[PDB]
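**Student:** Questions regarding the structure given below will be posed in turn.
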Amino acid sequence: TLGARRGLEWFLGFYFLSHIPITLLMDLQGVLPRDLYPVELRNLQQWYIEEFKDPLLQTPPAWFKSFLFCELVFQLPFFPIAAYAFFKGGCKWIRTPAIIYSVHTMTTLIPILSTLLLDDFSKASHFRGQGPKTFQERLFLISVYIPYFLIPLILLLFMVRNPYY
Amino acid sequence: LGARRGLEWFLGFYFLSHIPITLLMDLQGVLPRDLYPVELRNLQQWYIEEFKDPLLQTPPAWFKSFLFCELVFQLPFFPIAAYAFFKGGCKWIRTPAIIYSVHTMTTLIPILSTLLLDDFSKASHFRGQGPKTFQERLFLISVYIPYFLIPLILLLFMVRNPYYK
Ligand SMILES: COc1cccc2c1CCC[C@@H]2CCCN1CCN(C2CCCCC2)CC1
Ligand SMILES: COc1cccc2c1CCC[C@@H]2CCCN1CCN(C2CCCCC2)CC1
Ligand SMILES: CCCCCCCC/C=C/CCCCCCCC(=O)OC[C@H](O)CO
């Protein structure tokens with residue numbers, strides 16, 4: 001049947017494939033004009049921000065907004081190329097690109113996960129009551145961001161040590 | 001000499017000088033300043049007052065995480081990378097230097113974006129600590145931009161130089 005290395009490649013292929021609709025229809029609504037999005041998709045983002053209490057994608061600060069422009073200009077073009085590579089197999093030319101993507105993404109989420117778990121989101125802060133208030137509400141939000149840090153770390157370890165790449 | 005060997009000399013001097021820069025300056029906002037002598041505390045207070053640095057003294061959550069990354073991840077790599085480019089022809093530094101380059105570049109994209117585009121008034125969360133004029137934003141970007149360009153050169157150097165593949 002399928003192997004261990006090939007199984008991770010299929011799992012990584014769906015990660016890069018599913019990241020395309022997640023970036024376009026969700027994350028980029030904080031940097032791109034609202035008029036590029038239909039009303040049905042603009043309310044879907046608000047369902048997330050209200051339920052998960054996300055203070056970043058709601059109104060992005062300057063540091064978070066710079067990571068979103070990286071996702072549009074650098075990460076988004078790489079997603080289809082990486083998906084095709086790990087679905088086909090034997091594409092060694094992706095080793096250095098996948099390392100660059102992994103290290104970059106992981107470095108974007110260390111300040112994100114640190115802010116969501118340690119920063120203050122009360123009315124006295126600049127977030128002005130928009131954000132997780134309880135420890136359970138912080139992990140409920142960290143749960144959505146943690147797959148985008150763990151999966152790239154898996155890709156970094158895979159690329160550095162795999163002799164077939 | 002030559003451009004390649006000269007760049008390795010320049011890179012070695014970058015990683016060697018980054019050791020006193022990190023220990024004696026940048027880590028004063030992550031480590032307790034009781035461990036620093038009065039003179040080293042006063043030199044940082046001079047830089048914060050003269051250059052109007054809004055991040056180094058009282059770092060936000062996102063800026064603190066990078067300073068911890070600079071301590072746990074970057075500082076141990078500085079002597080190894082200095083030896084690799086001073087000696088020359090250390091092909092084992094390629095992937096480790098790529099990881100440092102993409103990490104440090106991703107660290108400063110939000111910093112440069114914040115210094116140039118964010119609001120540093122008395123009503124902002126920085127409480128008038130930052131720079132107001134465009135002139136001092138360049139005075140502050142000038143001390144942060146070499147840590148984006150030199151890692152950018154390193155990334156392009158390791159990706160294409162056949163003497164490290
Ligand atoms: C039926 O379930 C759903 C339906 C609709 C949406 C969602 C779910 C399930 C859970 C919540 C999601 C909404 C996704 C929002 N997140 C996208 C990734 N983003 C990161 C990417 C990396 C760079 C930093 C930002 C963080 C935000
Ligand atoms: C006699 O003049 C000097 C003497 C000593 C030092 C300096 C000067 C004058 C020029 C300024 C320097 C001090 C620079 C301080 N910066 C170092 C890099 N650091 C990191 C933060 C994390 C991301 C990477 C960059 C931010 C702070
Ligand atoms: C006293 C002040 C001291 C500091 C003063 C400021 C120094 C600015 C230096 C910039 C280096 C630029 C190097 C550019 C090298 C070529 C880039 C290139 O060709 O890039 C191709 C591209 O990356 C393919 O994707």
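For the structure tokens, the naming scheme is as follows: chains receive sequential letters (A, B, ...) according to their order of presentation, residues are indexed from 1 within each chain, and ligands are indexed from 1 in presentation order.
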Write out, as a tab-separated table, each residue of segment 45-158 of chain B that has an atom at most 10 Å from segment 122-138 of chain A, together with the closest pair of atoms and their distance in Å to one decimal, counting only C-alpha atoms, rows going by chain and rising number.
**Tutor:**
residue	atom	partner	partner_atom	distance
B:123	CA	A:126	CA	9.7
B:124	CA	A:126	CA	7.6
B:125	CA	A:126	CA	6.1
B:126	CA	A:126	CA	9.8
**Student:** Could you tell me, counting only C-alpha atoms and all ligand atoms, which protein and nucleic acid residues lie no more than 8 Å from ligand 1, written as a VMD selection string?
**Tutor:** chain A and resid 19 22 to 23 26 to 27 44 to 45 47 to 48 52 57 67 to 68 71 105 108 to 109 112 144 to 145 148 to 149
**Student:** Enumerate residues in contact with ligand 3: an atom-to-atom distance of at most 9 Å, counting only C-alpha atoms and all ligand atoms. Format the result as a list in words.
**Tutor:**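 These are the residues that qualify: residues 142, 143, 145, 146, 149, 150, 152, 153, 155 and 156 of chain B.
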**Student:** Do you have the atom CA of residue 101 of chain A-atom CA of residue 11 of chain A distance handy?
**Tutor:**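 Computed distance, atom CA of residue 101 of chain A to atom CA of residue 11 of chain A, equals 16.3 Å.
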**Student:** Identify every residue of chain A that has at least one atom within 12 Å of any atom of chain B, counting only C-alpha atoms, and report the result as a ChimeraX atom specification.
**Tutor:** /A:60-71,74,93,95-120,124-128,153,156-157,159-161
**Student:** For atom CA of residue 82 of chain B and atom CA of residue 41 of chain B, determine how far apart the two atoms are, in Å to one decimal place.
**Tutor:**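 Interatomic distance, atom CA of residue 82 of chain B to atom CA of residue 41 of chain B: 27.3 Å.
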**Student:** Within segment 60-145 of chain B, find each residue whose DSSP state, derived from the backbone, is helix (DSSP H, G or I), and express the selection as a ChimeraX atom specification.
**Tutor:** /B:61-87,91-117,134-141
**Student:** Give the answer as one residue: which of B:83, B:134, B:148, B:9 has the shortest atom-to-atom distance to ligand 2, using only C-alpha atoms and all ligand atoms?
**Tutor:**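 Answer, going by the shortest atom-to-atom distance: B:148.
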**Student:** Excluding residue 43 of chain A and residues on its chain fewer than 5 positions from it, collect all residues at most 12 Å away from it, counting only C-alpha atoms, and give them as a list in words.
**Tutor:**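 Close residues of residue 43 of chain A: residues 25, 26, 29, 34, 37, 38, 48, 49, 50 and 58 of chain A.
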